[PDB]
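The structure under discussion appears below in the form of structure tokens.
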Amino acid sequence: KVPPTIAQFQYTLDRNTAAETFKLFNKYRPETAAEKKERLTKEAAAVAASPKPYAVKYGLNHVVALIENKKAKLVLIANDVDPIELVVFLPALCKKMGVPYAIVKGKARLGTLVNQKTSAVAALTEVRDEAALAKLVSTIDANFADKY
Amino acid sequence: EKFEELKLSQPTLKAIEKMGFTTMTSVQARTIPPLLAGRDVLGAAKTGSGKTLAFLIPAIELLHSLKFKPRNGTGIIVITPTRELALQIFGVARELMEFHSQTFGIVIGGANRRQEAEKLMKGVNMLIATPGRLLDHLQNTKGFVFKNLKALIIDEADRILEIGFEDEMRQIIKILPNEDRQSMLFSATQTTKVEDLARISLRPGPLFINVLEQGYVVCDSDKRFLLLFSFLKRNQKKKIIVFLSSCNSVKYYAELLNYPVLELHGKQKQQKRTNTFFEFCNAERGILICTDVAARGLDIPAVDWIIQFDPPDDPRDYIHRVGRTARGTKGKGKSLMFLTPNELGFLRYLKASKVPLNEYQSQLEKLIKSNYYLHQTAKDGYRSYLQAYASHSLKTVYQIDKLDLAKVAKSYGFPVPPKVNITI
Amino acid sequence: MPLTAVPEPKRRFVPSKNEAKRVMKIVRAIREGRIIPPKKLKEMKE
Amino acid sequence: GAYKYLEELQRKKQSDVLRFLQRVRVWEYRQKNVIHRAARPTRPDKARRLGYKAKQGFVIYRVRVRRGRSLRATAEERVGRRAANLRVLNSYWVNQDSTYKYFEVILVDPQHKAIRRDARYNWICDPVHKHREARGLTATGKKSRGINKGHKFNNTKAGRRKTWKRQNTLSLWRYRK
Amino acid sequence: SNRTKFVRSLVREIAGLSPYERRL
Amino acid sequence: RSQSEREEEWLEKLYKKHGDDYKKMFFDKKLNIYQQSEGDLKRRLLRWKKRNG
RNA sequence: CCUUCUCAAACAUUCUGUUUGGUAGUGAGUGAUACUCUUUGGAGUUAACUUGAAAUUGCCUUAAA
RNA sequence: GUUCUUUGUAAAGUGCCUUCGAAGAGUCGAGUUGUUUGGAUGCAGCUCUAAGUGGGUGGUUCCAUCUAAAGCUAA
RNA sequence: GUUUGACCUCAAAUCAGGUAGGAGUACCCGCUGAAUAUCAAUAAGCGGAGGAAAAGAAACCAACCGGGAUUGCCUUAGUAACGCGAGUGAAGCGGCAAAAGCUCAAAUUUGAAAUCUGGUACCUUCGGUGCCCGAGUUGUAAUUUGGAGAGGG
């Protein structure tokens with residue numbers, strides 16, 4: 001028994017759709033520090049025309065900058081952020097902007113796929129695979145927004 | 001006659017020569033000397049007759065002769081009802097000001113209010129303004145230089161009357177100085193209210209000077225661009241003139257099509273402005289992207305189709321122009337009006353004329369997402385089109401609330417509606 | 001409609017300048033002989 | 001940025017959501033020592049606008065002070081006394097109830113080489129900044145000192161004791177005026 | 001600023017009414 | 001001040017591919033890696049020509 | 001909850017041309033009359049267009065705990 | 001002064017055109033209680049608690065001046 | 001899974017690299033503080049720094065044809081004001097000494113957390129480089145601090 005704005009968490013994506021979303025997100029893992037460093041060293045050695053890279057967006061400030069621009073297509077939100085005020089308004093912002101959002105249990109689990117110890121949120125803007133993203137978005141909507 | 005035959009200043013004559021204009025039109029020849037003498041004037045000069053340059057030349061000459069600094073007044077204020085006409089007038093004036101150090105600017109309704117307010121603090125001496133924004137500007141623009149008023153004129157008095165700005169024009173004139181300032185106005189026709197406004201605004205005795213099947217298609221706001229492209233492709237290599245709301249949209253569409261179609265608008269250089277029209281006329285296969293104001297500049301040559309894509313500046317003006325074309329040519333160019341499903345209310349105006357009627361993407365999305373210049377041009381065209389829709393008089397037929405910005409953006413190739421500061 | 005402003009910077013439609021700066025810094029280091037290319041590191045792994 | 005949303009949410013202090021958050025946080029802190037190390041601030045916007053940065057060298061401490069020498073001043077003094085090797089920069093309120101009031105204070109360690117080499121933060125390493133709260137140089141201390149401009153602070157513009165000394169001294173020149 | 005007004009409205013809807021505001 | 005060797009090579013490539021056609025050079029997707037403006041491109045080309053030819 | 005049948009021979013001498021065989025498919029929907037056959041027992045073909053992979057019932061255990 | 005280096009399609013400035021254009025909340029403020037001032041101000045326990053063309057300081061319809069609730073800085 | 005991992009939290013190590021007490025005290029800063037108005041924001045007491053400390057670039061002073069960081073002196077002035085009683089007692093303007101402005105929060109680097117602490121081997125050792133480790137995404141660098149400022153030509 002808490003205010004409606006609270007307890008919107010504890011209702012989350014089911015195991016199957018959550019696993020599917022994690023599998024889809026793992027494809028766009030950003031180049032870790034070691035991989036980027038070695039690739040840059042290789043490029044410099046070769047020097048001693050380029051496609052736009054694709055990666056997931058996870059910075060809370062960066063994600064919020066992408067959110068409200070309607071560029072973000074799907075956003076994942078951790079339900080165990082200690083400063084809950086950082087994420088209480090994010091679902092409402094996404095709903096107002098019409099951007100589908102999914103609450104996934106575990107900030108550590110969210111961060112494990114972006115080479116970070118923890119990550120409050122994760123969002124996707126570009127895609128490689130658009131049909132898979134659309135199907136995942138539809139499934140997430142039908143299983144989360146229409147239910148809760 | 002020629003402008004060089006007068007006592008005009010050397011920089012003004014050089015600017016005129018660089019503009020490509022050497023001969024003086026009847027209205028220009030009649031009005032330039034009396035206006036340079038400082039006498040007021042009123043007339044029924046129709047749009048496109050060259051009255052803009054005829055008025056500008058005496059005003060620019062006065063600015064050059066007085067040499068007053070921008071901090072010593074406001075120079076010339078030119079009120080224009082339509083945003084498109086205001087932009088065309090500003091572009092024409094820029095050609096003369098290219099050889100003049102006096103500051104020039106614009107105050108257009110619907111544009112960024114803060115930008116115009118900040119620009120007004122620099123003492124603009126060549127100002128093109130709109131009646132609607134002037135009330136708020138004078139009510140809130142602290143420190144705006146508004147006392148000198150070297151010259152104040154109005155244009156398209158009939159359109160102002162139709163819009164109903166007379167109530168605002170009265171207050172603007174009352175607040176405006178009532179001194180030796182030269183006063184003039186022009187319109188397509190003279191009526192009781194226009195004459196009353198002239199009497200109220202003209203202090204001295206004026207130096208009076210004087211000089212059908214309709215086709216349309218119903219298409220969604222998103223499919224309009226693709227429908228037009230398909231129609232042009234099926235009818236490619238022909239001679240067709242397309243009327244567009246704004247010059248920026250014309251440039252964007254021409255650039256997109258070129259990436260066999262020419263462009264012609266009031267923002268292009270006057271020399272190129274005339275050269276493009278001449279080339280289109282003499283090509284026998286050219287395609288022209290232009291606006292209503294530029295088309296009104298000269299009589300439309302023989303054409304096969306008149307694809308009025310964007311809404312016309314004045315429905316009455318277009319309705320009369322189609323009839324005039326139907327009588328001045330034998331091979332009448334079929335008209336192709338585009339009506340939004342939510343804009344079907346225009347049918348009443350068409351029926352009032354009693355004329356017969358007839359009822360005749362990823363590839364570019366990727367290019368927009370990959371090219372910065374093309375994306376910027378598309379955004380500018382979308383903004384100009386929305387502003388032109390805002391600057392309309394048939395508020396019962398055309399409404400921004402009736403248009404889905406997402407569909408318009410899709411027509412322009414943007415996945416999402418770009419930002420626009422429309423007063424919705 | 002989106003609420004934000006400041007239209008898209010050119011860098012978003014152009015390869016990052018930071019990547020070029022890092023590549024040129026690595027090139028300078030290689031010229032100074034203080035960085036061994038990974039291909040040479042593979043040989044030195046012996 | 002999201003920080004604007006955080007500030008706007010914090011503006012409505014008496015909202016039922018913030019009431020629940022505060023009553024949960026106060027109960028959670030009631031089971032901890034009076035002064036303890038905080039892993040991260042609970043009001044990131046306030047700390048960020050107060051000059052706190054998430055880098056090696058900064059420390060966040062939560063201290064509990066009896067309700068009813070201001071409470072913020074007492075908290076700053078206590079944290080400075082406990083954190084002798086750290087310098088108190090600023091502090092902000094985080095919770096209150098009928099029995100206790102809670103404040104969060106951010107501290108910067110001048111010994112860490114990160115702060116020493118930080119051109120924007122190495123100023124605190126100067127010895128003149130030792131125990132800022134002790135001399136009331138902090139934001140709360142300066143406010144309590146009445147340091148400000150205008151007629152409302154003429155008698156306490158800069159130094160309440162200094163003006164008394166100035167108006168009590170007898171200035172005598174070599175040649176009497 | 002339109003964005004600031006939007007954020008204020010969003011915060012107003014999220015936070016609901018204060019206990020003293022609820023008396024209205 | 002001068003131009004870097006890589007910058008000189010990039011300028012030479014565009015000059016060979018488009019000569020003095022600045023407008024055409026602007027739209028070169030696979031040689032104008034950085035979307036430089038016409039003014040910047042022409043200024044750099046003029047500097048290169050003055051320095052070399 | 002993985003992922004798709006990636007050339008065989010002969011002649012050729014051209015920095016390699018020709019023949020044979022090798023192409024066994026998500027579904028549903030619309031469609032203005034032509035070649036046929038068993039001629040009642042309905043079956044094989046023939047332009048064109050829409051699509052979320054859309055949809056109501058045609059009588060071998062270390063990919064392990 | 002003397003000598004080696006720069007470079008990297010690197011960073012800034014000038015005038016013009018163009019599209020945008022954020023601002024310190026348990027804080028200001030009022031109430032009350034202790035305290036200081038020759039100032040009625042400020043300081044301080046606590047109930048409440050403000051807005052963004054908004055807020056503070058001053059007078060005859062308001063007009064004049066700044067943008068507090070963060071911090072550094074030799075003389 | 002009658003298991004195995006991600007973190008977060010909490011403890012310990014004769015762990016590695018660091019800092020804190022106290023002394024002195026004329027001046028500085030804060031708290032407290034006597035012998036309803038007066039001795040008094042004094043005497044005494046406690047805590048915290050340096051060669052000076054504090055303050056410092058206005059939610060300022062003024063109602064003028066306006067001045068423009070803080071600080072000290074003369075003047076304002078023993079005036080305004082108050083306690084109208086003994087008595088306390090300002091401040092703007094003016095002249096002089098010396099003058100310096102800046103840094104964050106705030107709008108996306110997302111076409112590349114580009115940032116930083118520590119370990120290791122060298123060198124030109126109040127530091128620099130190659131590699132590794134860790135912090136950082138609940139925001140480390142550049143770009144903006146209202147004098148506006150930012151994306152482009």
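Below, the figures for the structure above:
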{"read-out": "Matching residues in segment F:1-34 - criterion: being surrounded by 14 or more Cβ atoms within 10 Å (Cβ to Cβ) and over 26 Å from A:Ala48 (Cβ atoms)", "value": "F:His18, F:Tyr22, F:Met25, F:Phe26, F:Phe27"}
{"read-out": "Residue check for D:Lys13: within 27 Å of A:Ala7 (Cα to Cα) and either surrounded by 20 or more Cβ atoms within 10 Å (Cβ to Cβ) or under 15 Å from the mean Cα position of the chain (by Cα) (or both)", "value": "no"}
{"read-out": "Segment B:360-393 - residue that is part of a helix (DSSP H, G or I) and among the small types (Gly, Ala, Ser) and, of those, nearest to B:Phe231 (Cα to Cα)", "value": "B:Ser362"}
{"read-out": "Given (1) of a type in the set (A, V, I, L, M); (2) out of contact with any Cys (no Cβ under 8 Å at 6 or more places or on another chain); (3) more than 14 Å from chain C (Cβ to nearest Cβ), number of the condition A:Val75 does not satisfy", "value": "(2)"}
{"read-out": "Residue list for segment B:68-85, restricted to those being out of contact with any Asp or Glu (no Cβ under 9 Å at 6 or more places or on another chain) and of a type outside the set (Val, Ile, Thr)", "value": "B:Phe68, B:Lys69, B:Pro70, B:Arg71, B:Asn72, B:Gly73, B:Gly75, B:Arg83"}
{"read-out": "Hits in segment B:277-335 - residues which are touching a strand residue (DSSP E or B) at 6+ places or on another chain (Cβ under 9 Å) and β-branched (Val, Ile, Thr)", "value": "B:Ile287, B:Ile289, B:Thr291, B:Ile300, B:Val303, B:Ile306, B:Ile307, B:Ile319, B:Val322, B:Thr325"}
{"read-out": "Output for segment B:116-153, where each listed residue is basic (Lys, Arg) and closer than 24 Å to B:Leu197 by Cβ", "value": "B:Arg133, B:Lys147, B:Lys150"}
{"read-out": "Single unsatisfied condition, A:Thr41 versus (1) within 16 Å of RNA strand H (Cβ to nearest atom); (2) over 13 Å from the mean Cα position of the chain (by Cα); (3) closer than 28 Å to D:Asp45 by Cα; (4) not small (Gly, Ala, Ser)", "value": "(3)"}
{"read-out": "Complete set of residues in segment C:28-46 that are assigned to a helix (DSSP H, G or I) and away from chain A (no Cβ under 12 Å)", "value": "C:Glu43, C:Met44"}
{"read-out": "Residue selected from segment D:83-105 under the condition part of a loop (DSSP other than H, G, I, E, B) and within 19 Å of the chain's Cα centre (by Cα), by the criterion surrounded by the most Cβ atoms within 10 Å (Cβ to Cβ)", "value": "D:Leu86"}
{"read-out": "Residue check for B:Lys251: among the basic types (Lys, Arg), out of contact with any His (no Cβ under 8 Å at 6 or more places or on another chain) and over 30 Å from B:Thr31 (Cβ atoms)", "value": "no"}
{"read-out": "Filtered residues of segment A:100-148 (kept if within 17 Å of A:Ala19 (Cβ to Cβ), in a strand (DSSP E or B) and of a type in the set (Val, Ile, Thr))", "value": "A:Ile103, A:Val104"}
{"read-out": "Check on C:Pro15, more than 8 Å from chain A (Cβ to nearest Cβ) and either under 30 Å from B:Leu374 (Cα atoms) or not aromatic (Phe, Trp, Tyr) (or both)", "value": "no"}
{"read-out": "Hits in segment A:57-78 (condition: in contact with a helix residue (DSSP H, G or I) (Cβ under 8 Å, 6 or more places away or on another chain) and either farther than 24 Å from B:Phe414 by Cβ or within 16 Å of RNA strand G (Cβ to nearest atom) (or both))", "value": "A:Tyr58, A:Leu60, A:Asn61, A:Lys73, A:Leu74, A:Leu76, A:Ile77, A:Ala78"}
{"read-out": "Residue in segment D:106-126 that is away from RNA strand H (no atom under 12 Å from the Cβ) and part of a strand (DSSP E or B) present", "value": "yes"}
{"read-out": "Only one of A:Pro53, A:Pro30 that is at negative phi, part of a loop (DSSP other than H, G, I, E, B) and within 12 Å of another protein chain (Cβ to nearest Cβ)", "value": "A:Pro53"}
{"read-out": "Subset of segment B:308-331 [crowded, with 18+ Cβ neighbours inside 10 Å and assigned to a loop (DSSP other than H, G, I, E, B)]", "value": "B:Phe309, B:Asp310, B:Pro311, B:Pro312, B:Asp313, B:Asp314"}
{"read-out": "Filter result for the condition that a residue is away from chain C (no Cβ under 12 Å), over 23 Å from B:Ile160 (Cβ atoms) and aromatic (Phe, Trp, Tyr), over B:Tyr398, B:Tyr373, B:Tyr360", "value": "B:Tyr360"}
{"read-out": "Selection within segment B:1-24 - over 18 Å from B:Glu95 (Cα atoms) and surrounded by 15 or more Cβ atoms within 10 Å (Cβ to Cβ)", "value": "B:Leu6"}
{"read-out": "Answer residue from segment A:112-132, given it is surrounded by fewer than 17 Cβ atoms within 10 Å (Cβ to Cβ) and among the hydrophobic types (A, V, I, L, M, F, W, C) and is nearest to RNA strand I (Cβ to nearest atom) among those", "value": "A:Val127"}
{"read-out": "The listed residue being away from chain A (no Cβ under 14 Å) and within 8 Å of RNA strand I (Cβ to nearest atom), out of D:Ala39, D:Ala75, D:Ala119, D:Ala54", "value": "D:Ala119"}
{"read-out": "Residues that are surrounded by 20 or more Cβ atoms within 10 Å (Cβ to Cβ), out of contact with any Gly (no Cβ under 8 Å at 6 or more places or on another chain) and either hydrophobic (A, V, I, L, M, F, W, C) or farther than 20 Å from B:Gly91 by Cα (or both), drawn from segment B:105-127", "value": "B:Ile106, B:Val107, B:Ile108"}
{"read-out": "Qualifying positions in segment D:106-135 - under 17 Å from D:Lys53 (Cβ atoms), surrounded by fewer than 16 Cβ atoms within 10 Å (Cβ to Cβ) and within 18 Å of the chain's Cα centre (by Cα)", "value": "D:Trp123"}
{"read-out": "Residues being more than 16 Å from the chain's Cα centre (by Cα), within 16 Å of RNA strand H (Cβ to nearest atom) and aliphatic (A, V, I, L, M) - total across segment D:35-66", "value": "1"}
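So that you can scan it fast, the table gives a plain yes or no per residue for (1) closer than 29 Å to B:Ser221 by Cα; (2) under 15 Å from the mean Cα position of the chain (by Cα):
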residue	(1), (2)
B:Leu256	yes, no
B:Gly266	yes, yes
B:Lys272	no, no
B:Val293	yes, yes
B:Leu298	no, yes
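So that you can scan it fast, the table gives a plain yes or no per residue for (1) touching a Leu at 6+ places or on another chain (Cβ under 6 Å); (2) part of a helix (DSSP H, G or I):
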| site | (1), (2) |
| --- | --- |
| B:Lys7 | no, no |
| B:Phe21 | no, no |
| B:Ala29 | no, yes |
| B:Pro33 | no, yes |
| B:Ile60 | yes, yes |
| B:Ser65 | no, yes |
| B:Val78 | no, no |
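Okay, residues lined up against (1) within 13 Å of RNA strand I (Cβ to nearest atom); (2) exposed (fewer than 13 other Cβ atoms within 10 Å of the Cβ); (3) under 12 Å from the mean Cα position of the chain (by Cα):
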position: A:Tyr28; (1), (2), (3): yes, no, yes
position: A:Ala46; (1), (2), (3): no, yes, no
position: A:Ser50; (1), (2), (3): yes, yes, no
position: A:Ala55; (1), (2), (3): yes, no, yes
position: A:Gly59; (1), (2), (3): yes, no, yes
position: A:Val64; (1), (2), (3): yes, no, yes
position: A:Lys71; (1), (2), (3): yes, no, no
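Every residue, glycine among them, receives a Cβ derived from its backbone with ideal geometry; neighbour counts consider all protein chains shown. Only the coordinates and a few stated rules stand behind these numbers; no lab work does.
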